[PDB]
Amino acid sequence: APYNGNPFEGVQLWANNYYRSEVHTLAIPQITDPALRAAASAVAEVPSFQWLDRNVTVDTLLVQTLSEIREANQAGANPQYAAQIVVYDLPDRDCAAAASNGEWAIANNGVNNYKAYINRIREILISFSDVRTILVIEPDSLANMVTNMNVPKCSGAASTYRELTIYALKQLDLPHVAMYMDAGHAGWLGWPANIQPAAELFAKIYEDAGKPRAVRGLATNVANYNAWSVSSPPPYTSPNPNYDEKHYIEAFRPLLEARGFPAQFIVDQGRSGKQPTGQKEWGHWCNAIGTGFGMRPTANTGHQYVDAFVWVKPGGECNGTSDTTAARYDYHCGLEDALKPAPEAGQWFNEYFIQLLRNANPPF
């Protein structure tokens, strides 16, 4: 079915069984404290995005979640539940990263692999047209074209990132779908020197895709820890005037809008509850200490440019291993402000989950 306006309005957000199963089968059994177990049980019901970060998730997790939502909706959910999904499998993924877990390479049929990926997701979404579906498109992709074109892998991947983003925006432009392209965070693209070129890039992509109706705007702070709005700039933000997501979005949207893209925003707050964080530098993204679960997902943001506060990166799922000998070890995960020992990216990290619980704001 079609919708008008903010896709988060008039629906409830589904909390998926993948995350719920991590909490119940992996987290809770390691927790003996009654209060923390009850808090954990509660966090399992908070509706976070489900990531299609590996091809195998398409015909498993995506189908499962949409099937489960349809079942719940047909069983009388009111209002109806909506899905929240991340598309995250570009070839030569994370081009500026020290290490990537992306499975596909441009040199190894990655373009065709990705197009097939998008085409299968399209088929599944059509099959589940009765479940409104909100997508985040490719974290850590086009933000690299703004600042990291000096990196050979990024320069070599740029035309592919662009073409394939346009491909996804057109192929997933379906009436029951909404899309938000990733747009980094205040401490990446919000810096004054970066913000106009970022607006130029995103608005051009939007134009080049034919301004598809399903595209609502942009997603910010995905997998990061920034504040939505705080009175004093965290120390590691200096000297950025855009020291929180509200400042970034208020500066960014007029630039985008003048360029033909009046983007609405969704802002990750899943690990933003504690401010300031334990990050020693803004760019320390990996398993940062001193962070907490943040404000609960809601369409009622109170801000004219923000369609929803969301939990995109699910807290407790590791950002990367701290084992320096591991094949895909990223040195950011070995820093003094990265919690250790940490398992491989995407694996449950229980000590990190407990940290997020203890620092939760609002508390569980």
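Start at 1 and count along the sequence shown; that's the residue number.
- Look at the C-alpha B-factors of 306 to 314 and of 22 to 30. On average they run higher in 22 to 30.
- Averaged over their C-alpha atoms, the temperature factors of 103 to 111 and 267 to 275 are higher for 103 to 111.
- Between the residues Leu66, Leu335, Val43, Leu52, it is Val43 that shows the highest Cα B-factor in the PDB record.
- Each of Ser232, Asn194, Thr291, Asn224 has a CA temperature factor in the record; the biggest one is found at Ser232.
- When the modelled residues of the chain are ordered by their C-alpha B factor, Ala251 lands in the middle third.
- Sort the chain's modelled residues by C-alpha temperature factor and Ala98 lands in the highest third, per the entry.
- Per-chain ranking of the deposited C-alpha B factor places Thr220 in the lowest third.
- For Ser129, the recorded CA temperature factor ranks within the lowest third of the chain's modelled residues.
- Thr298 sits in the middle third of its chain by CA B factor, as recorded in the PDB entry.
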